[PDB]
$ cat my_file38.pdb   # PDB, C-alpha atoms and all ligand atoms
ATOM      1  CA  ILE A   1      57.493 133.549  60.695
ATOM      2  CA  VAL A   2      54.853 134.515  63.334
ATOM      3  CA  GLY A   3      51.219 133.407  62.831
ATOM      4  CA  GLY A   4      52.072 131.341  59.762
ATOM      5  CA  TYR A   5      51.859 127.642  58.969
ATOM      6  CA  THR A   6      54.125 124.674  58.199
ATOM      7  CA  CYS A   7      54.776 124.954  54.419
ATOM      8  CA  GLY A   8      55.241 121.272  53.739
ATOM      9  CA  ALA A   9      58.539 119.757  52.649
ATOM     10  CA  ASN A  10      59.998 121.306  49.473
ATOM     11  CA  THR A  11      56.808 123.247  48.641
ATOM     12  CA  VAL A  12      58.944 126.432  48.396
ATOM     13  CA  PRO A  13      61.784 125.081  46.213
ATOM     14  CA  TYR A  14      63.628 128.432  45.666
ATOM     15  CA  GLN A  15      63.949 128.906  49.481
ATOM     16  CA  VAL A  16      67.521 128.544  50.716
ATOM     17  CA  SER A  17      69.146 128.479  54.137
ATOM     18  CA  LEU A  18      72.440 130.311  54.590
ATOM     19  CA  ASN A  19      74.553 128.349  57.070
ATOM     20  CA  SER A  20      77.886 129.244  58.838
ATOM     21  CA  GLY A  21      77.716 126.221  61.164
ATOM     22  CA  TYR A  22      74.059 127.020  61.919
ATOM     23  CA  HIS A  23      71.191 128.630  59.962
ATOM     24  CA  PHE A  24      71.354 132.419  60.137
ATOM     25  CA  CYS A  25      69.397 133.825  57.180
ATOM     26  CA  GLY A  26      67.217 132.917  54.273
ATOM     27  CA  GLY A  27      67.758 133.600  50.572
ATOM     28  CA  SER A  28      66.208 132.834  47.181
ATOM     29  CA  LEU A  29      67.660 130.838  44.300
ATOM     30  CA  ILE A  30      67.372 132.985  41.160
ATOM     31  CA  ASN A  31      69.307 130.723  38.811
ATOM     32  CA  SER A  32      71.464 127.598  39.195
ATOM     33  CA  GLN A  33      74.520 129.645  40.185
ATOM     34  CA  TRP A  34      73.095 132.563  42.170
ATOM     35  CA  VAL A  35      71.234 133.400  45.350
ATOM     36  CA  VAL A  36      69.728 136.725  46.352
ATOM     37  CA  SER A  37      69.591 137.635  50.085
ATOM     38  CA  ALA A  38      69.655 140.723  52.340
ATOM     39  CA  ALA A  39      72.879 142.783  52.632
ATOM     40  CA  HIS A  40      72.372 142.644  56.404
ATOM     41  CA  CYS A  41      72.922 138.898  56.172
ATOM     42  CA  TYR A  42      76.473 139.429  54.875
ATOM     43  CA  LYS A  43      79.305 137.438  56.450
ATOM     44  CA  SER A  44      82.334 135.472  55.254
ATOM     45  CA  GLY A  45      82.193 131.650  55.137
ATOM     46  CA  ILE A  46      78.634 131.164  53.869
ATOM     47  CA  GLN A  47      77.387 127.681  52.870
ATOM     48  CA  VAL A  48      74.174 127.714  50.831
ATOM     49  CA  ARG A  49      71.712 124.953  51.795
ATOM     50  CA  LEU A  50      69.199 124.087  49.065
ATOM     51  CA  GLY A  51      66.218 121.569  49.184
ATOM     52  CA  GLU A  52      65.882 122.023  52.953
ATOM     53  CA  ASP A  53      62.824 121.350  54.999
ATOM     54  CA  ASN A  54      63.967 120.357  58.464
ATOM     55  CA  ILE A  55      67.291 122.190  58.804
ATOM     56  CA  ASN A  56      68.391 119.836  61.623
ATOM     57  CA  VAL A  57      67.840 116.536  59.804
ATOM     58  CA  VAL A  58      69.342 115.331  56.564
ATOM     59  CA  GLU A  59      66.168 114.171  54.798
ATOM     60  CA  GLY A  60      67.741 113.364  51.446
ATOM     61  CA  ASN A  61      66.858 116.243  49.091
ATOM     62  CA  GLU A  62      69.502 118.779  50.219
ATOM     63  CA  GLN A  63      72.393 120.317  48.335
ATOM     64  CA  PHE A  64      75.078 122.044  50.421
ATOM     65  CA  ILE A  65      77.221 124.399  48.330
ATOM     66  CA  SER A  66      79.803 126.916  49.567
ATOM     67  CA  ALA A  67      79.709 130.505  48.336
ATOM     68  CA  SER A  68      82.559 131.513  45.963
ATOM     69  CA  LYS A  69      81.694 135.239  46.114
ATOM     70  CA  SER A  70      79.418 137.642  47.959
ATOM     71  CA  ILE A  71      78.387 141.000  46.492
ATOM     72  CA  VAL A  72      76.655 143.428  48.808
ATOM     73  CA  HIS A  73      74.828 146.191  46.916
ATOM     74  CA  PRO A  74      77.234 149.023  46.116
ATOM     75  CA  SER A  75      75.005 151.481  48.039
ATOM     76  CA  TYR A  76      73.923 149.405  50.980
ATOM     77  CA  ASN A  77      73.583 151.595  54.051
ATOM     78  CA  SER A  78      73.545 149.540  57.280
ATOM     79  CA  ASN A  79      72.289 152.531  59.328
ATOM     80  CA  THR A  80      69.065 152.973  57.291
ATOM     81  CA  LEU A  81      68.904 149.524  55.648
ATOM     82  CA  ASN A  82      68.504 151.289  52.284
ATOM     83  CA  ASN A  83      69.567 148.900  49.442
ATOM     84  CA  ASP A  84      69.393 145.822  51.714
ATOM     85  CA  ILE A  85      70.231 143.272  49.022
ATOM     86  CA  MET A  86      73.214 141.022  48.285
ATOM     87  CA  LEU A  87      74.095 138.424  45.675
ATOM     88  CA  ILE A  88      75.818 135.165  46.518
ATOM     89  CA  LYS A  89      77.458 132.994  43.829
ATOM     90  CA  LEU A  90      77.623 129.237  44.309
ATOM     91  CA  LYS A  91      81.024 127.482  43.940
ATOM     92  CA  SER A  92      79.244 124.930  41.761
ATOM     93  CA  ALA A  93      75.857 125.073  40.042
ATOM     94  CA  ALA A  94      72.914 123.671  41.969
ATOM     95  CA  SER A  95      71.203 120.626  40.376
ATOM     96  CA  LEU A  96      67.767 121.771  39.431
ATOM     97  CA  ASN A  97      64.827 119.482  40.110
ATOM     98  CA  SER A  98      61.346 119.495  41.609
ATOM     99  CA  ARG A  99      62.668 120.376  45.087
ATOM    100  CA  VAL A 100      65.382 122.823  44.061
ATOM    101  CA  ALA A 101      64.140 125.428  41.619
ATOM    102  CA  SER A 102      64.784 129.045  40.733
ATOM    103  CA  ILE A 103      62.274 131.914  41.275
ATOM    104  CA  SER A 104      61.830 134.546  38.523
ATOM    105  CA  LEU A 105      62.740 138.186  38.997
ATOM    106  CA  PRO A 106      59.885 140.756  38.781
ATOM    107  CA  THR A 107      59.258 142.809  35.622
ATOM    108  CA  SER A 108      57.433 145.621  37.585
ATOM    109  CA  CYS A 109      56.758 146.790  41.101
ATOM    110  CA  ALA A 110      53.718 145.010  42.452
ATOM    111  CA  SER A 111      50.629 146.956  43.512
ATOM    112  CA  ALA A 112      49.177 147.368  47.031
ATOM    113  CA  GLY A 113      46.811 144.477  47.730
ATOM    114  CA  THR A 114      48.749 141.833  45.751
ATOM    115  CA  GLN A 115      48.984 138.638  47.767
ATOM    116  CA  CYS A 116      52.441 137.203  48.486
ATOM    117  CA  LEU A 117      54.076 134.195  50.119
ATOM    118  CA  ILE A 118      56.752 134.891  52.742
ATOM    119  CA  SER A 119      58.752 131.980  54.151
ATOM    120  CA  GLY A 120      61.639 131.130  56.499
ATOM    121  CA  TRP A 121      63.043 129.412  59.589
ATOM    122  CA  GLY A 122      62.842 132.578  61.720
ATOM    123  CA  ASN A 123      61.286 133.192  65.158
ATOM    124  CA  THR A 124      57.651 132.086  65.457
ATOM    125  CA  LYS A 125      56.865 134.167  68.601
ATOM    126  CA  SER A 126      55.844 137.849  68.731
ATOM    127  CA  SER A 127      56.851 137.911  72.413
ATOM    128  CA  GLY A 128      59.757 135.641  73.334
ATOM    129  CA  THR A 129      61.734 133.271  71.122
ATOM    130  CA  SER A 130      61.055 129.953  69.370
ATOM    131  CA  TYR A 131      62.925 128.866  66.268
ATOM    132  CA  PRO A 132      61.313 126.165  64.142
ATOM    133  CA  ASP A 133      63.207 123.259  62.577
ATOM    134  CA  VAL A 134      60.912 123.061  59.485
ATOM    135  CA  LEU A 135      60.098 125.804  56.932
ATOM    136  CA  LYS A 136      57.203 128.114  57.858
ATOM    137  CA  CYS A 137      55.020 130.071  55.431
ATOM    138  CA  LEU A 138      52.806 133.176  55.558
ATOM    139  CA  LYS A 139      50.371 134.632  53.038
ATOM    140  CA  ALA A 140      50.401 138.403  53.297
ATOM    141  CA  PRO A 141      49.275 141.301  51.115
ATOM    142  CA  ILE A 142      51.399 144.257  49.949
ATOM    143  CA  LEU A 143      50.350 147.328  51.959
ATOM    144  CA  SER A 144      49.777 150.776  50.486
ATOM    145  CA  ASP A 145      52.628 153.326  50.420
ATOM    146  CA  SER A 146      50.748 155.482  52.899
ATOM    147  CA  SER A 147      50.039 152.561  55.271
ATOM    148  CA  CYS A 148      53.712 151.637  55.205
ATOM    149  CA  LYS A 149      55.057 155.184  55.559
ATOM    150  CA  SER A 150      52.528 156.084  58.316
ATOM    151  CA  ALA A 151      53.653 153.090  60.373
ATOM    152  CA  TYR A 152      57.334 154.058  60.049
ATOM    153  CA  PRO A 153      57.544 157.833  59.453
ATOM    154  CA  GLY A 154      60.805 159.002  57.944
ATOM    155  CA  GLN A 155      62.192 155.505  57.550
ATOM    156  CA  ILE A 156      60.724 154.010  54.398
ATOM    157  CA  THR A 157      62.704 154.731  51.236
ATOM    158  CA  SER A 158      61.657 154.181  47.609
ATOM    159  CA  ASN A 159      63.599 150.892  47.886
ATOM    160  CA  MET A 160      61.371 149.392  50.628
ATOM    161  CA  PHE A 161      57.749 148.190  50.814
ATOM    162  CA  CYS A 162      55.533 146.854  53.594
ATOM    163  CA  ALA A 163      53.539 143.631  53.555
ATOM    164  CA  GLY A 164      51.493 142.011  56.278
ATOM    165  CA  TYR A 165      48.659 142.972  58.635
ATOM    166  CA  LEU A 166      48.293 146.186  60.587
ATOM    167  CA  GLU A 167      46.275 144.380  63.271
ATOM    168  CA  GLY A 168      49.357 142.321  64.113
ATOM    169  CA  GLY A 169      49.740 138.601  64.821
ATOM    170  CA  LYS A 170      51.145 137.709  61.387
ATOM    171  CA  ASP A 171      54.632 138.735  60.127
ATOM    172  CA  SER A 172      58.161 137.600  59.300
ATOM    173  CA  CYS A 173      60.771 137.903  62.076
ATOM    174  CA  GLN A 174      64.482 137.563  62.933
ATOM    175  CA  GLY A 175      65.956 134.507  61.191
ATOM    176  CA  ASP A 176      63.618 135.001  58.216
ATOM    177  CA  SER A 177      66.018 137.791  57.193
ATOM    178  CA  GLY A 178      67.148 137.608  53.552
ATOM    179  CA  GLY A 179      64.362 135.203  52.527
ATOM    180  CA  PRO A 180      61.715 135.530  49.803
ATOM    181  CA  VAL A 181      58.551 137.539  49.353
ATOM    182  CA  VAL A 182      56.994 135.984  46.202
ATOM    183  CA  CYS A 183      53.933 137.479  44.559
ATOM    184  CA  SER A 184      52.367 136.204  41.316
ATOM    185  CA  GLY A 185      55.321 133.871  40.744
ATOM    186  CA  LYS A 186      58.005 136.599  41.068
ATOM    187  CA  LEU A 187      60.498 137.586  43.723
ATOM    188  CA  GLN A 188      59.085 140.978  44.811
ATOM    189  CA  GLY A 189      60.695 141.270  48.226
ATOM    190  CA  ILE A 190      63.515 140.266  50.539
ATOM    191  CA  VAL A 191      62.892 140.004  54.314
ATOM    192  CA  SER A 192      64.574 143.137  55.668
ATOM    193  CA  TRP A 193      63.368 144.726  58.904
ATOM    194  CA  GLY A 194      60.476 145.686  61.164
ATOM    195  CA  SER A 195      59.764 146.977  64.655
ATOM    196  CA  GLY A 196      59.537 143.753  66.789
ATOM    197  CA  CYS A 197      57.497 141.106  64.965
ATOM    198  CA  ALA A 198      53.729 140.824  64.399
ATOM    199  CA  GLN A 199      53.173 144.036  66.406
ATOM    200  CA  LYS A 200      50.051 146.107  65.836
ATOM    201  CA  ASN A 201      50.608 148.895  63.250
ATOM    202  CA  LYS A 202      54.202 147.690  62.659
ATOM    203  CA  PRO A 203      54.132 145.555  59.426
ATOM    204  CA  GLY A 204      57.184 143.837  57.917
ATOM    205  CA  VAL A 205      59.474 145.929  55.708
ATOM    206  CA  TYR A 206      60.944 144.350  52.586
ATOM    207  CA  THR A 207      63.614 145.272  50.055
ATOM    208  CA  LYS A 208      61.783 146.229  46.838
ATOM    209  CA  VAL A 209      63.447 143.847  44.378
ATOM    210  CA  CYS A 210      61.780 145.431  41.259
ATOM    211  CA  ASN A 211      64.194 148.434  41.746
ATOM    212  CA  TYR A 212      67.248 146.088  41.591
ATOM    213  CA  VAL A 213      66.523 143.935  38.572
ATOM    214  CA  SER A 214      68.933 145.845  36.317
ATOM    215  CA  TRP A 215      71.744 145.668  38.919
ATOM    216  CA  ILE A 216      71.105 141.988  39.581
ATOM    217  CA  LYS A 217      71.169 141.085  35.920
ATOM    218  CA  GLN A 218      74.286 143.143  35.116
ATOM    219  CA  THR A 219      76.176 141.914  38.180
ATOM    220  CA  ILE A 220      75.378 138.212  37.543
ATOM    221  CA  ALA A 221      76.286 138.556  33.876
ATOM    222  CA  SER A 222      79.772 139.946  34.731
ATOM    223  CA  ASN A 223      80.631 137.573  37.553
TER     224      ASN A 223
HETATM  225 CA    CA A 301      67.516 118.988  56.128
END
$ encode --input "my_file38.pdb" --output "structure tokens"
Amino acid sequence: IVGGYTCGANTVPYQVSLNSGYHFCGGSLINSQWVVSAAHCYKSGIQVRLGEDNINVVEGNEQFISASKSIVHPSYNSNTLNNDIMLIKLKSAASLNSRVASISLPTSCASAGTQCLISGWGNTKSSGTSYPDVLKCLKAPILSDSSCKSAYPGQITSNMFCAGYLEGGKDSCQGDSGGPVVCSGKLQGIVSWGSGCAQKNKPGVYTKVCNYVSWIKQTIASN
């Protein structure tokens, strides 16, 4: 997260860290047994880390649970990032409490202007590299279709939206990948891509979760 702020321990209780010996992506807890992330975060050997603040210190509220199954979207295209969403099932159910909680799925696609919270342990620099140990947060509005599509001609599909600031300075970044964009108490987006980070006229691009609700629900219910 570039130009954001320190969230505060466990203030984003649906935020997860995906770990394969190190943090490599975020995700969101959608029920006690399931995490949603980006398809581009796929790998084998994922451990899901819940109740994290500092990812380098065991602070006492964490749950570490191995994945039993990954399901990349049937139509994920790694070349275009279309359908950049994946489901991860936990080997055992997470214990739900104040610091580990699920986030609701959206019931419609949010409008331009809606304010959202984006969070993660990604790069905090727009030039260079600095990875934070504690969770960072950013408040950012959904941008209009035309703002998004003008910034990235030919590359935005009906399954992507933009959120952030066209002036630059404030954005998600590498390492935030797969993490939540939450607007009005719903999971509207998944951190997907962008051109650099916090660059002028290059806002973040996010998987439009509202398009996937049916697939998520059907897939979880059969697995
Ligand atoms: Ca920790």
$ residues_near_ligand --input "my_file38.pdb" --ligand "ligand CA 301 (chain A)" --cutoff "12 Å" --atoms "only C-alpha atoms and all ligand atoms" --output "list in words"
residues 9, 10, 16, 17, 19, 22, 23, 49, 50, 51, 52, 53, 54, 55, 56, 57, 58, 59, 60, 61, 62, 63, 64, 121, 133, 134 and 135 of chain A
$ closest_residue --input "my_file38.pdb" --among "A:31, A:174, A:15, A:114" --to "residue A:128" --atoms "only C-alpha atoms"
A:174
$ resolve_selection --input "my_file38.pdb" --expression "the PyMOL selection byres (((chain A and resi 91-100) around 8) and not hetatm)" --output "ChimeraX atom specification"
/A:10-14,32-33,50-51,61,63,65-68,89-90,101-102
$ closest_residue --input "my_file38.pdb" --among "A:118, A:143, A:41, A:187" --to "residue A:213" --atoms "all atoms listed in the file"
A:187
$ closest_residue --input "my_file38.pdb" --among "A:210, A:18, A:216, A:38" --to "residue A:111" --atoms "only C-alpha atoms"
A:210
$ closest_atom_pairs --input "my_file38.pdb" --of "stretch 7-103 of chain A" --to "stretch 161-172 of chain A" --cutoff "12 Å" --atoms "all atoms listed in the file" --output "tab-separated table"
residue	atom	partner	partner_atom	distance
A:26	CA	A:172	CA	11.4
A:82	CA	A:161	CA	11.3
A:83	CA	A:161	CA	11.9
A:84	CA	A:161	CA	11.9
$ atom_distance --input "my_file38.pdb" --atom1 "atom CA of residue A:148" --atom2 "atom CA of residue A:173"
16.9 Å
$ residues_around --input "my_file38.pdb" --residues "residue A:75" --least-positions-apart "6" --cutoff "12 Å" --atoms "all atoms listed in the file" --output "PyMOL selection string"
chain A and resi 39+81-86+159+212+215
$ closest_residue --input "my_file38.pdb" --among "A:7, A:1, A:198, A:183" --to "residue A:110" --atoms "only C-alpha atoms"
A:183
